[PDB]
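Just the one chain here, laid out as C-alpha cells, in the form deposited in one PDB entry.
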C-alpha cells in the first residue's frame, strides 16, 4: 500500500506543516481516500486524519487553516495541486470512544471563502468520525506515527448502525433536500452500500455497486451524481430536484435497517 508519486510532494508539505504547528501534541497523521483506494482521478482530494493529544490554541487553529488553504486549491483547478481535506481529532475522543465524538477541526475547499474572511468553524460533534475511524481501519497509510490498526479501537456494531443511519432523519421533506441534492444522493448510495456490504470505505465504490440493482428511473439519478463526482460532467441539480426527492423516498424505503 503505497503513496502515489504524483501526490508525494503535496502530501509531504502538509505533513511538515502539520507537525510544525502541532509540535508536541501530534500523535499521528493518516492518509486515506482515493489516494489509497479506488485510484486517483483528476478531481480527487488528498485526505488526512490528524490525531492530537491536547486541543489547539486559537493561534494554531488560525495558522493551520490559513496554511492549509495555501497548500490547497479547488478540485480541478491546477495540475500539481490537489484539494486537501484535513480532520483534526482528539485522541481522548477515540480512545475511549465518545459517542458521537467531537472533531477538533476540519479543513476543506468548502471553507475557502469562510477562511478568507478569517471565519474558522469550532470543534463539534460528528457522527461521521465513527465512520471515518472505521474507514481508516480498513485502508490507510500512517504518514506519521502508528498504523491505525494499532492506534484505534472499533466501534461497537450498534454505534456503526447509528452513525450510518443518522443522516436519514435529516431529510424529511423537500425543503430538507432542496439545496443539498448532489451530496444527499451520493450519501444515500454510500449508506446503502456500507450497510449491505459491510464495507466502510464507500466513496468510489457505492454508486457502481448500486446502479445495477436500481430500476432505471432511479439509476438515472444516481448515474448523474456519480458522473459529477468523477468530474466528467456537471448537472443542474435544481431542475433534478423532483427526481432526487423520488430518489430519497425510494432509498429510505429500501435501505437496510441492519447489516447484511
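Positions refer to the first chain, counted from 1. Basically, rigid core = biggest C-alpha set you can superpose within 1.5 Å across the two forms.
Engineer: Select between 208-216 and 30-38 the stretch whose C-alpha atoms have the higher average B-factor in the entry.
Structural biologist: Going by the record's values, the stretch with the higher mean is 208-216.
Engineer: So which stretch wins on mean C-alpha B-factor, 99-107 or 72-80?
Structural biologist: Mean CA B-factor is higher for 72-80.
Engineer: Maximum C-alpha temperature factor per the entry, among 86, 155, 136, 188, belongs to which one?
Structural biologist: Comparing C-alpha B-factors across 86, 155, 136, 188, the maximum falls on 155.
Engineer: Could you check 184, 141, 170, 129 and tell me which one carries the biggest Cα B-factor in the deposited entry?
Structural biologist: Comparing C-alpha B-factors across 184, 141, 170, 129, the top value belongs to 170.
Engineer: Please place residue 93 in the lowest, middle or highest third of its chain by C-alpha B factor as given in the entry.
Structural biologist: Middle third, going by the recorded CA B-factors of the chain.
Engineer: Please say which third, lowest, middle or highest, residue 63 falls into when its CA temperature factor is compared across its chain.
Structural biologist: For residue 63, whose C-alpha B-factor we compare with every modelled residue in the chain, the answer is the lowest third.
Engineer: Per the entry's values, where does residue 228 land by CA temperature factor relative to the rest of its chain, in the lowest, middle or highest third?
Structural biologist: Its C-alpha B-factor, which the entry lists for residue 228, ranks in the middle third among residues of this chain.
Engineer: Splitting the chain's C-alpha B-factors into thirds, which one does residue 118 fall into?
Structural biologist: Its C-alpha B-factor belongs to the highest third of this chain's values.
Engineer: Sorting the chain's CA B-factors, does residue 52 end up in the lowest, middle or highest third?
Structural biologist: Middle third, going by the recorded CA B-factors of the chain.
We do not show the form deposited in another entry, though everything after this point is about it.
Engineer: Which listed residue (149, 114, 180, 109) has a Cα shift of at least 2 Å between this form and the one not shown, rigid core superposed?
Structural biologist: Among the listed residues, the one whose C-alpha moves by 2 Å or more is 180.
Engineer: With both forms fit on the core, is the shift of the CA atom of residue 227 between this form and the one not shown 2 Å or larger?
Structural biologist: Yes, shifts by 2 Å or more.
Engineer: I want to check residue 203: does it shift between this form and the one not shown by 2 Å or more at the Cα, with the core superposed?
Structural biologist: Yes.
Engineer: Kindly check if the Cα atom of residue 236 is displaced 2 angstroms or more between this form and the one not shown relative to the superposed rigid core.
Structural biologist: The answer is yes; the displacement is at least 2 Å.
Engineer: Using the form shown as baseline, tell whether residue 45 and residue 180 are closer or farther in Cα-Cα distance in the other entry, where the change reaches 3 Å or more.
Structural biologist: Those two alpha carbons end up closer in the other entry.
Engineer: Out of closer and farther, which fits the Cα atoms of residue 180 and residue 83 in the other entry compared with this form, where the change is 3 Å or more?
Structural biologist: Note: Cα gap between residue 180 and residue 83 shrinks in the other entry.
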